[PDB]
Each structure stands twice: as C-alpha cells, then as structure tokens.
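Data block below; observations after.
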C-alpha cells in the first residue's frame with residue numbers, strides 16, 4: 001500500500017528492498033519497497049516525482065547522499081555534519097533528511113557485537129562521509145579516546161575543529177606507531193578493491209574488535225591483518241547495513257523491527 005524506495009546509481013544489486021521487505025513481513029506492515037536507478041542529471045526530479053506519486057519515504061545511496069542532503073527542507077544534526085542524507089521522509093508537508101549510517105554502525109558494534117565504546121580506545125580509519133556520519137553517535141557513547149587516522153590531514157583537521165570534543169584526536173597513519181586500540185573500524189574503501197590501509201600492523205595487537213565497513217567481500221586485507229596481529233573478533237558491515245535500515249523503518253513506521261534474523265540471512269561468513 002504505502003510506498004518507499006531506494007535510489008542510487010547503480011542500484012541493480014541493492015539489498016535495501018530485500019531488507020525492508022523482511023522487516024515488513026516480520027512486523028506485519030503493509031508496504032512496498034522498491035528501487036529506482038538514479039540519474040546523474042535529474043536525481044532531484046526523480047525524488048520529487050516519487051513524492052508526487054504518494055511515496056512516503058526513501059533511502060538514498062551512492063552517489064546522491066550529498067544531493068539528497070541539499071534537496072531537503074529540514075536536515076538532522078548527523079546529516080548536517082556528514083553533508084549527506086541516506087534517508088528521506090515526506091511529512092506535512094516537506095522533505096526531511098536524516099543520516100542513519102552512524103547510528104546503525106554504533107548499534108551493531110555495541111549491541112549486536114557486545115562491544116560498548118564507553119571508556120575504550122577507538123580508532124577510525126578514514127575521514128569520508130561514513131566517518132562524518134559516525135562521529136556524533138560514537139562520541140555520544142563516551143570512548144576514552146576516538147582517533148581518526150587519515151591520509152588527508154586537512155580534512156581530518158577540519159572535522160576536529162568543527163566538533164571540538166574533548167575525546168576526539170586525529171593522526172597520520174605513520175604516527176600510529178606504538179599505539180594500541182580496543183576497537184578498530186576500517187571506514188576506508190580499501191576493502192572494495194581488496195587493498196589494505198597503511199597501518200602499522202601492531203596497531204591491531206590489543207584489539208577486541210576489528211570492524212570492516214565493507215559487506216560480504218571475504219577476509220579483507222584489513223581483517224586478515226587483524227587476525228595476524230592479535231585476537232580481535234572480526235566483523236564486516238552486514239550488521240551496520242541492517243541496523244541503519246531498521247532506524248529508517250522505525251522513523252517511517254513507528255516499529256523497531258527485529259534485526260537478528262535479517263542479519264543472519266544476509267551474513268556471508270568471513271571464516
């Protein structure tokens with residue numbers, strides 16, 4: 001009945017309709033969740049068309065999250081910091097933008113994987129949109145330190161100044177020499193091209209958790225490095241993907257769907 005959709009380019013292999021369909025059947029919600037191949041030229045017009053046809057909300061994927069952010073009338077705090085929106089809701093009577101990637105990631109780590117950040121040392125690799133979206137929720141969780149390691153230190157410095165939070169620190173990769181962390185999150189795209197971020201491998205020695213944002217891509221070079229260097233539990237981005245979807249589902253429907261079964265079925269065993 002009520003219609004939702006994901007929009008991005010390419011969209012052929014999106015898991016979003018699958019995920020929200022599973023949510024809908026488990027939670028007894030009558031809705032249809034479709035997929036739209038977004039045009040580089042008229043993305044915005046496509047979003048407006050869907051709304052015009054009675055659509056209730058959308059998820060936004062690459063490469064349109066920034067453009068979704070700009071098109072929106074009202075934007076949540078995480079969306080403003082990321083300058084990127086991965087969910088829209090059409091309510092009396094405009095277009096509201098949210099970004100749930102960071103909340104999904106945090107919930108997967110703290111609840112699903114049993115590693116609350118509170119009072120622990122957390123290293124995030126990268127300073128891209130995913131990292132920007134994760135910063136507020138991660139800091140809200142009170143880690144003893146949150147360290148962003150990145151190649152582009154101007155970008156990382158800009159972020160640190162914007163937040164001015166007592167627990168946030170930035171680092172060059174080389175500078176990580178001799179440092180230890182409890183939770184390490186690889187939010188670079190290295191794993192998508194089966195590559196490895198420039199870590200002194202010893203950085204993973206004390207880790208309880210190495211988390212790869214990439215989904216279903218085998219033992220990435222990062223997770224392999226983690227297994228070599230210590231006894232961290234290894235995870236990829238399947239839980240993040242499902243938890244962020246769930247946040248949007250609750251926003252639209254007022255139901256928090258069970259994510260356990262869904263995460264299980266989409267999980268592609270690393271080992």
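All of this is worked out from the model, or read from it or from the source named; none is laboratory data. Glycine gets a Cβ as well: all are built from the backbone with ideal geometry, and neighbour counts include every protein chain shown.
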Requested in this report: With a cut-off of at least 2 residues that are over 17 Å from residue 244 (Cα atoms) and in contact with a strand residue (DSSP E or B) (Cβ under 6 Å, 6 or more places away or on another chain), name the strands (runs of 3 or more DSSP E) lying wholly within the stretch 20-104.
Outcome: 31-37
Query raised in the report: So is residue 77 without any contact (Cβ under 8 Å) to a residue 40 or more places away in the chain and surrounded by fewer than 14 Cβ atoms within 10 Å (Cβ to Cβ) or not?
Result: no
Report summary line: Flagged in the stretch 220-255 as part of a loop (DSSP other than H, G, I, E, B) and farther than 20 Å from residue 184 by Cβ, in numbering order, are 254, 255
Report task. Please verify whether the stretch 114-125 includes one or more residues that are touching a residue at least 12 places away in the same chain (Cβ under 8 Å) and more than 22 Å from residue 232 (Cα to Cα). Result -> no
Requested in this report: Taking the options 157, 124, 136, name whichever one is outside any loop (DSSP other than H, G, I, E, B), in contact with a strand residue (DSSP E or B) (Cβ under 9 Å, 6 or more places away or on another chain), under 22 Å from residue 240 (Cβ atoms) and not assigned by CATH to the domain that holds residue 63.
Outcome: 124
Report summary line: When every residue in the stretch 160-182 that is in contact with a strand residue (DSSP E or B) (Cβ under 7 Å, 6 or more places away or on another chain) and part of a helix (DSSP H, G or I) is compared, the one surrounded by the fewest Cβ atoms within 10 Å (Cβ to Cβ) is 160
